[PDB]
């Protein structure tokens, strides 16, 4: 019922700038204090800053690493929160959530953080976007033509995350597994998708993996034939 939805976030270079937005619903956004909280990869929660209610004076507070670099603001007319971000650093690489709590539990423009969004990823790197190579992991031409076989796709040497993979344009879902990516020494990512299929189908059924790398707009359909 209460819902928070962050927007913006992606690949940006150090010294650069971004603006995040967050749409709010199901509560009195006017009455709410609102805060941004970020989560660095494999690490804990850091409060970035707060904006009080218009009723409280509408003032903004900030953490140490982001004061004089970031700015929080709101459009109550659009029930929307913002974070302006300038002079970006490697250290600002995090998932950014917009946050507040129930109006029932407010004290000192604060309270429990009952409400969080999905969180938008910000990646601050000197590196540029790299689209993946997509290679067919063909089924091992042994087994027997009455049993199961496995076939897959290798999605290789890309940056940044995320990659998305499906099979037969979404028509194949059962027996599908898509594995966590390895971050290579090269600063690039490589990922694998695999599906289990009837051996007797390999001569008559078309198997295709569909790959989607939004940071580059790389979209590739790759057929996975027998050897």
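Residue numbers count along the first chain shown, from 1.
For the pair 69-77 and 135-143, the record assigns the higher mean C-alpha temperature factor to 135-143. Ranking 37, 40, 34, 197 by the C-alpha B-factor listed in the PDB entry places 40 at the top. Sort the chain's modelled residues by C-alpha temperature factor and residue 57 lands in the lowest third, per the entry. Among the modelled residues of the chain, residue 184 sits in the highest third by CA temperature factor in this PDB entry. Ranked by Cα temperature factor within the chain, residue 18 sits in the highest third according to the deposited record. When all modelled residues of the chain are sorted by CA temperature factor, residue 25 is found within the highest third.
Among all modelled residues in this chain, the alpha-carbon of residue 216 has a temperature factor (C-alpha) in the middle third.
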